[PDB]
Amino acid sequence: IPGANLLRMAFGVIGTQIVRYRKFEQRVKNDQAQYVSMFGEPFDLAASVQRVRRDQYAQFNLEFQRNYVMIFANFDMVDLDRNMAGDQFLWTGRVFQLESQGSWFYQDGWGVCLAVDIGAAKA
Amino acid sequence: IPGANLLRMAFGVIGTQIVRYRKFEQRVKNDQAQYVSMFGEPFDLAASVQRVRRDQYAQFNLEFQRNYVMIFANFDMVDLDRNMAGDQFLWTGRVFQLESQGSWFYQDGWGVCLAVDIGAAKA
Amino acid sequence: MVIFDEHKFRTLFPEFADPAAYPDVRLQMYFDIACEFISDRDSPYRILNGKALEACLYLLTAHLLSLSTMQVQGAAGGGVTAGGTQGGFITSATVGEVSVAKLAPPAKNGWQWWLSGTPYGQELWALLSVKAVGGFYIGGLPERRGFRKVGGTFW
Amino acid sequence: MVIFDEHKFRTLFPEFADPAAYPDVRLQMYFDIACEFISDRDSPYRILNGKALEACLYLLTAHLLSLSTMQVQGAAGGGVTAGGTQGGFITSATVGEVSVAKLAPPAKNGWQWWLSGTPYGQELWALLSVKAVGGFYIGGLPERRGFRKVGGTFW
Amino acid sequence: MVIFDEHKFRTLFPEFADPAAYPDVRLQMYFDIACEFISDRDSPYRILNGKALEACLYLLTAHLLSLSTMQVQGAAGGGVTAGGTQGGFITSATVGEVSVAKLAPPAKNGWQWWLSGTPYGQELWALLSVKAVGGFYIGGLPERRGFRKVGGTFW
Amino acid sequence: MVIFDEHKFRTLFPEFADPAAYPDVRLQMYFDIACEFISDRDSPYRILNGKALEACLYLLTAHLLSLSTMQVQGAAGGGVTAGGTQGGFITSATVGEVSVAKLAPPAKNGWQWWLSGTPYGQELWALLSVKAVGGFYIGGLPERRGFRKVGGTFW
Amino acid sequence: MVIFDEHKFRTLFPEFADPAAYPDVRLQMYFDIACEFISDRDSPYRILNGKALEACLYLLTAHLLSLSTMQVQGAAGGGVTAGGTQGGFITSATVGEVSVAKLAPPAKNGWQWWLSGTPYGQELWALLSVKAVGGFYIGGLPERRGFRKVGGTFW
Amino acid sequence: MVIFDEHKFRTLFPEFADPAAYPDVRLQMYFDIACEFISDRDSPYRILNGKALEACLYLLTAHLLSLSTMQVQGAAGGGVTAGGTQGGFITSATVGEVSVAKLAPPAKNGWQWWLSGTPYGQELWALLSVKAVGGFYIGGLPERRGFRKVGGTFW
Amino acid sequence: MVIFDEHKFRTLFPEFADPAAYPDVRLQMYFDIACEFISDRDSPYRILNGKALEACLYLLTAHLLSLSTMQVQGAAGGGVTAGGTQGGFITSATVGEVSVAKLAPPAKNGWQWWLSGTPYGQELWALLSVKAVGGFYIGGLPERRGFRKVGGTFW
Amino acid sequence: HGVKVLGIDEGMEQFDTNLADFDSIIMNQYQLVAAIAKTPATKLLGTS
Amino acid sequence: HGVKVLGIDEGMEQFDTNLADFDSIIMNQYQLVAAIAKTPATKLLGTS
């Protein structure tokens, strides 16, 4: 049934991991016509992180591997619109590009590994 | 369950091989703007080695068959980042390009056959 | 009647530590409901006596609380599900490229099948199964005391 | 007859707390329907009595209300489906890349199969199963009080 | 003969509130048909008596009405199907990437299998199953009243 | 009662050696809970005696501790799951390109099925099975010591 | 009680040759635990005598040591697994494009199913099965010695 | 005890010819372990006698040595496997584009199931099965020698 | 004792014609082993005697030789396999896009299952099955010779 | 008053034989023998 | 009045033997012995 969620009962068997999730609120300029985003109140969420496992390529005598991650969560996660998306970090900052069945009961994810986290208990 | 290592118990049935594995530490220059890398303390690792089985091509009169290998191991090994890669040799040096589910319990590998090993008990 | 202690209950099950989401009145009401599935009267002659009885009562209360709190805030719409969320044991599951299959418990009636829903119910079922060994002998009188046996004894 | 407390009923199930969506007349009507399934006469000599019987009646009322919801607004298009929504335990389900399989309850007739549709029905079935242990012996006279046994006793 | 009340029927089943699509004459005709599957007379000595009888009659009438109204407007061509639409319990279903599997009810004859078609039939089957406990003793005379037992009594 | 040695307990199981994550009061509470499943009275005439009883009690304590760990940090989000993590033997599992299938243990009731969820429970079940061979004889008197047999002996 | 020899144990099982990873104290503790599953008392009239008993004790110790060392450091997080690793026979396995299917052992209770977990347990079970042939005769007296048979003999 | 000839043992199995990989002390140890499984006392009145007994002992020694090799260097990484390599008949296998399925042997207990692991064990089991035909009769006296039959003969 | 003739053996099985890979010493040793599975003693009263016994011994020797020579050079590394190569009947196979499925022979014990490994074993089993018809009558005396029947005869 | 212990896979079975018919055969044969010799059986066998 | 407690997989079985037939053959053989000695069995065995 597309009523009561299936991910909630699924997490009662397989077992999950813990990530920190922060959402996007608004955006401003930096007198260069470049947008800088604002995020607020990074809370704690339980989700399942999956495997897609990248290969690398070349632009010209450079390698530039793209780091990717798949995440399952029961939350309404937005990846792109006229506003900006949200962030997460299992160990380093990450940002995703997709949608899923949020308006019924659960969604699905992606993620590209941004460089690092700040530190001081992994802020 | 993404808990106990599945490749750990699977290796108790199928049977594996033994390879020598060395990790990357840091690199320097050679007054030519060419990076020269250095590794440290090769050790023995138990892994399962598979096939993907190369077919060759041509550029002009030059065949250039590229040799590939697929390896399963319970090691958190990295193929490429802003740092170097890792090395192995079943009989000749190799280098891989991929990742896998390292942060839970096991990973998967690759490999391209470099030329040869040094010798003297297969250094 | 056995006095319900909130502090001991919260100590036993740390997942119910949050007082805002789990008010005392709700816990007391669910304990009052649970004292009808299992008799709360205590005597030294009962099979379930001592603090084992309150252990079973606490397990049943936790099971009821979990099953009840499932419905209210599950489907991300305040339990807007037409028929609620049905309980039961999950034999198999799959999320993406992860799959788990478990062993079905030996359920024979509604009581055991319902108890298998949550880990507290499973623990209660296990405890009852351990304590259920043996049997009862209710009617009868000591007729053998009137005859002489072996070494001129009547015992 | 047993007086039906609307306030306590809404206190028991917070998901029905909205008075606008669930008028009191609807709850009273469903209680009056449910009092025919189970006799509401209370005596100290019944197996079901007191707050246990009250909880049974309230659970039956909740089951009926949820089943009514499945039809009134489970489709939500005014019940435009030709056959209407059907109830029952869902053995397996699949939505996208998530699949879950459950354990089939041991239903042997229409009563238990119909009860297993919703969690309230499952709880009512479990309570009835707990209270149903034992038996009855109706026709009988104290025949054994006319003979002297063991220690000159008649009991 | 129980007098059919249209207002109570529409109150009980809000999905039949529309008077344009469900004229009173059709409801009366279906009640007149349904009073033949189940005897419409009432006596205090019957197992089904009081409000239970009218509840059963209303459920049967709703079942017949649903089965009939499914036929005439289903296939978007005014029931142009050659053989009509067949009823029955739907064990499994699938629409795109949504799949549901249910539990088969224990039907053993035509009556129960037909009743399992729609939720009203399922509720009627459940009520009959509850009320069907026990049995009848039809022939016999009080033979035991002629002999003295226990304490010089003839009861 | 049997004295519970926390130091020797952590010595037995190095995975519980951290005093910060596993306070001694929690271990004492779990031992006090586990002493109700198995009687801790020690006599030379019991089948379970000596250090075997200590091993059984410690294994039960470890099993309870593992099941407790499975809940509050097994989900690790404060146990936000609606029903909580469920326990049981995992017959089959699959993670990506690796899949393994195991053998289902012969469980016949709630006790053995619950025990088979963790390695400590399995070890406890195996020890009980080893020690359980044989039987008891309860009622009986040496009636054979009154007659002369074979070589004029009464033994 | 039989004196445990670390040198002989390490010679028999070279996989435990590392003194740093496998300290003597752990081996002695596991031997002390294993002397409760199997009695360490030796008499010439038993079935398992001398070297056979030594072999069974060593195999049981190795089995316990392997099962214990499974949990502590295997899951790449220092045994951070919520419920540890569950043992048992692995019927099938798959790694990429390699698949193996084996024959399930004939386990019928907890003892044999637990023993089937590791090769040392399997060897111990095989040895016990070989030595288990025959039966016991416990009660009885030589009655036939009092009658003359065949060739005027009493044997 | 039968003298174990290492020279003829290596002659029988050329795969164990290398002395560096298989020292003589290891072979003597495994023979001493194997002589516990099967009694090595030789008499003309046993079922196994002559070179059959030494062939059985050599086959059992080869089986134990093969299993030891599988454990020590089947993984070859020092046995860093969690529980070690497990033995048994491989019913089915698949490596890439080639798959092979075999017939399951009729194993009925731990002894035969353990034996079927390696070809030497299979050969030993087959020889034992061949030699096992027939039976024993133990307690008996020639009572038929005291009567005259047919042609005045007592035989 | 039947004298082994290598010339006749090589004539019968041309696949063993190569004297370099199959020295006569190995053939003689395997014949000496095979004379123990089947008795080499011959008498005219035996069910198998003469050329049948010779063929049986030769087939058994060939079977043993094939099973032995499988190990030493199988895996292209001189039998570097830890557990060797296991035998048995192959009921199915697949190589690319070629698949074959065969009929499982009726094996009921270790002897027949082992014999089904190789064609020589299958032929030996077939010959034994043909020669195994009937039975033995071991005890008894000609009692009927003492009475007169039909035409005054005593035969 | 003794107990034998067997395995779960083991079994035990017993057989008997009914000897309640040899009497008539023996006595009929002896009666025929007496008939042949023209002597009453009470003298040859000493009892009818 | 004693009860033996056994496990679920346990089993106990009992066997009996019938010894009624011995008397007839014993008396027949004794009668034959008396017949050979040419003396009535009442003298040898005290009773018929």
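Residues numbered from 1 in each chain as written, not as in the entry; some residues may be left out. Chains lettered and ligands numbered in written order. Part of a larger assembly, values for the part shown. Heavy atoms only, no water.

- Its PDB header names cryo-EM as the technique used to obtain the model and reports a resolution of 3.1 Å.

- Per the PDB entry, chain J goes by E217 portal protein gp19 and derives from Pseudomonas phage vB_PaeM_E217.

- As annotated in the PDB entry, chain C is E217 head-to-tail connector protein gp27 from Pseudomonas phage vB_PaeM_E217.

**Digging into the overall build of chain C**
Part 1 of the argument: A count of helices and strands for chain C gives five helices and two strands.
Part 2 of the argument: Starting at the N terminus and ending at the C terminus, chain C contains elements arranged as α-α-α-β-β-α-α.
Part 3 of the argument: Against the globule reference of 15 Å for 155 residues, chain C gives a C-alpha radius of gyration of 22 Å, more extended than a compact globule.
Part 4 of the argument: If you line up chain C on its principal axes, its C-alpha atoms span 80 × 40 × 25 Å. (Helix = DSSP H or I, 4+ residues; strand = E, 2+ residues; numbered from the N terminus. Rg over C-alpha atoms; globule rule 2.2 N^0.38 Å.)

**Points about the overall build of chain J**
Part 1 of the argument: The helix and strand tally for chain J stands at two helices and one strand.
Part 2 of the argument: Seen through its C-alpha atoms, chain J measures out along the principal axes to roughly 65 × 20 × 10 Å.
Part 3 of the argument: Here chain J holds 48 residues, and 4% of them are scored as buried.
Part 4 of the argument: A total of about 4300 Å² of accessible surface is found on chain J, and carbon and sulfur atoms cover 60% of it. (Buried < 20%, exposed > 50% of the residue type's maximum accessible area, 1.4 Å probe, protein only. Areas by Shrake-Rupley, 256 points an atom, 1.4 Å probe, with all protein chains shown as cover.)

**Looking at the interface of chain I and chain H**
Part 1 of the argument: With 38 residues of chain I in contact, the opposing surface of chain H contributes 39 residues.
Part 2 of the argument: Contact with chain H buries area across many residues of chain I, yet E36(I), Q86(I) and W113(I) alone supply 23% of it, more than any other trio.
Part 3 of the argument: At the boundary of chain I and chain H, one finds two salt bridges.
Part 4 of the argument: At the boundary of chain I and chain H, one finds nine residue pairs in polar contact.
Part 5 of the argument: Elements that contribute at least two residues to the side of chain I that touches chain H include exactly α2 (24-37), α3 (51-72), β1 (90-95) and α4 (110-115) of chain I.
Part 6 of the argument: Sort the elements by how many residues they give to the side of chain I that touches chain H and α2(I) lands first, with eight residues.
Part 7 of the argument: The residue makeup of the side of chain I that touches chain H, split by class, is 20 nonpolar, 13 polar and five charged.
Part 8 of the argument: Judged from the five bridges that link them, strand β2 (residues 98-102) of chain H and β1(I) form a sheet pairing that is antiparallel. When the bridges of β1(I) are listed, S99(H) appears paired with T94(I). (Contact = heavy atoms within 4.5 Å. Buried area = accessible area lost by both parts, 1.4 Å probe. Salt bridge = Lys/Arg side-chain N within 4 Å of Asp/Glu carboxyl O. Polar contact = N/O pair within 3.5 Å; in protein donor to acceptor, adjacent residues only side chain to side chain. Nonpolar A, V, L, I, M, F, W, Y, C, P; charged D, E, K, R; others polar. Pairing = 2+ DSSP bridges.)

**Section: the sheet that holds strand β6 (residues 107-108) of chain B**
Residues and elements named next belong to chain B.
Part 1 of the argument: Read from one edge to the other, the open sheet built from seven strands follows the order β6-β3-β2-β1-β4-β5-β7, with strand pairing classed as antiparallel. Looking along the sheet, the strands with just one partner apiece sit at the ends: β6 and β7 (112-113).
Part 2 of the argument: Pairing analysis gives three bridges linking strand β1 (residues 17-29) to strand β4 (residues 87-89), with the strands arranged antiparallel. Within the sheet, the bridge partner assigned to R20 lies in β4 and is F89.

**Observations regarding the pattern of salt bridges**
Part 1 of the argument: This structure, assessed with the given rule, holds 20 salt bridges over all chains.
Part 2 of the argument: Between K51(F) and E36(G) there is a salt bridge whose closest N-O contact spans 2.3 Å. With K51(F) in helix α3 (residues 51-72) and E36(G) in helix α2 (residues 24-37), this pair bridges two chains.
Part 3 of the argument: Under the relative-accessibility criterion, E36(G) is labelled buried at 19%.

**Here we look at unusual backbone geometry**
Part 1 of the argument: With a phi close to 60°, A33(B) is a non-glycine residue in the positive phi region.
Part 2 of the argument: Mapped onto the secondary structure, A33(B) falls in the loop between β1 and β2 (35-50).
Part 3 of the argument: The residue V150(D) is not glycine, and still its phi comes out positive at about 55°.
Part 4 of the argument: You can see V150(D) is positioned in the segment after α5 (119-131).
Part 5 of the argument: Under the relative-accessibility criterion, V150(D) is labelled partly exposed at 45%.

**Digging into the pairing of β2(H)**
Part 1 of the argument: Where strand β1 (residues 90-95) of chain H meets β2(H), four bridges bridge the pair, whose relative direction is antiparallel. Bridge assignment links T94(H) to a residue of β2(H), and that residue is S99(H).

**What to know about the interface of chain H and chain B**
Part 1 of the argument: With ten residues of chain H in contact, the opposing surface of chain B contributes five residues.
Part 2 of the argument: Taking both sides of the interface into account, the surface hidden between chain H and chain B amounts to around 570 Å²; carbon and sulfur atoms contribute 54%.
Part 3 of the argument: Three residues stand out in chain H for area buried against chain B, namely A75(H), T81(H) and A82(H), and they jointly supply 42% of the buried area on that side.
Part 4 of the argument: Where chain H meets chain B, there are one salt bridge.
Part 5 of the argument: The residue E97(H) makes a salt bridge to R51(B) at a minimum N-O spacing of 3.8 Å.
Part 6 of the argument: Seen at the junction of chain H and chain B, the total is one residue pair in polar contact.

**Looking at the sheet that holds strand β5 (residues 93-95) of chain A**
All names here are of chain A.
Part 1 of the argument: Ordered in space as β6-β3-β2-β1-β4-β5-β7, the seven strands form an open sheet in which the pairing is antiparallel. Unpaired on one side and paired on the other, β6 (107-108) and β7 (112-113) mark the two borders of the sheet.
Part 2 of the argument: Pairing between strand β4 (residues 87-89) and β5: two bridges, direction antiparallel. Looking at β5, one finds that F89 is bridged to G93.

**A closer look at the relation of the copies chain I and chain H**
Applying a rotation about an axis and a shift along it to one chain copy brings it onto the other copy.
Part 1 of the argument: Laying chain I over chain H is done by rotating through 30° and shifting 0.0 Å along the axis; what remains is an RMSD of 0.6 Å.
Part 2 of the argument: Comparing interface residues between copies, only 13% of those in chain I also lie at the interface in chain H; the contact surfaces differ. (Least-squares fit on C-alpha atoms.)

**Observations regarding the side chain of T16(B)**
Part 1 of the argument: With respect to the helices, strands and loops of the structure, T16(B) is situated in the loop between α1 (6-10) and β1.
Part 2 of the argument: With a relative accessible area of 13%, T16(B) lands in the buried category.
Part 3 of the argument: Not counting the four nearest positions on each side in its chain, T16(B) is found in contact with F11(B), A46(B), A47(B), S48(B), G74(H) and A75(H).

**A look at the arrangement of the chains**
Part 1 of the argument: What separates chain E from chain K at the closest point of their C-alpha atoms is a distance of 32 Å, and the two make no contact.
Part 2 of the argument: Chain I shows no contact with chain K. Their nearest C-alpha atoms sit 22 Å apart.

**A word on helix α3 (residues 51-72) of chain E**
Part 1 of the argument: In a regular helix each residue adds 1.5 Å, so 22 residues correspond to 32 Å; α3(E) covers 33 Å between its end C-alpha atoms and thus fits that length.
Part 2 of the argument: For α3(E), a buried count of 16 out of 22 residues is recorded, marking the element as mostly surrounded by other parts of the structure. (Expected span 1.5 Å × (residues − 1).)

**Topic: the packing of aromatic side chains**
Part 1 of the argument: Applying the stated criterion across every chain yields a total of 111 aromatic pairs over all chains.
Part 2 of the argument: Taking the centre distance of 5.4 Å and the plane angle of 75° together, the rings of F13(F) and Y120(F) count as edge-to-face. Taken as a pair, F13(F) in the loop between α1 (6-12) and α2 (24-37) and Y120(F) in helix α5 (residues 119-131) lie far apart in primary sequence, 107 residues in all. Here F13(F) and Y120(F) have matching classes, each one buried.
Part 3 of the argument: Taken together, the ring pairs connect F4(C), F9(C), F13(C), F16(C), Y22(C), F31(C), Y58(C) and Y120(C) into an aromatic cluster. (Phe/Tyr/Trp six-rings, centres within 6.5 Å; stacked < 30°, edge-to-face > 60°.)

**Regarding helix α5 (residues 119-131) of chain C**
Part 1 of the argument: The end-to-end C-alpha separation of α5(C) is 18 Å, in line with the 18 Å expected for 13 residues at 1.5 Å each.
Part 2 of the argument: Among the residues making up α5(C), those that are buried are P119(C), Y120(C), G121(C), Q122(C), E123(C), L124(C), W125(C), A126(C) and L127(C).

**As for the packing of helix α3 (residues 51-73) of chain G against helix α5 (residues 119-131) of chain G**
All names here are of chain G.
Part 1 of the argument: One can describe the packing of α3 onto α5 by two numbers: an axis separation of 8 Å at closest approach and a directional angle of 150°. By the angle between their axes, α3 is roughly antiparallel relative to α5. The handedness of the crossing between α3 and α5 is left-handed. Between α3 and α5, the contacting residues are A52, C56, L59, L60, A62, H63 and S66 on the first element and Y120, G121, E123, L124, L127 and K131 on the second.
Part 2 of the argument: Residue composition of the contact of α3 with α5, grouped by class: eight nonpolar, three polar and two charged. (Axes fitted to C-alpha atoms, helices over the stretch in contact; angles between N-to-C directions. Parallel < 35°, antiparallel > 145°, perpendicular 65-115°, else oblique. Left-handed = near helix turned anticlockwise from the far one by under 90°.)

**Regarding the side chain of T118(G)**
Part 1 of the argument: Mapped onto the secondary structure, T118(G) falls in the loop between α4 (110-115) and α5.
Part 2 of the argument: With relative accessibility at 1%, the residue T118(G) sits in the buried group.
Part 3 of the argument: In contact with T118(G), not counting residues within four places along its chain, are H63(G), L67(G) and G83(H).

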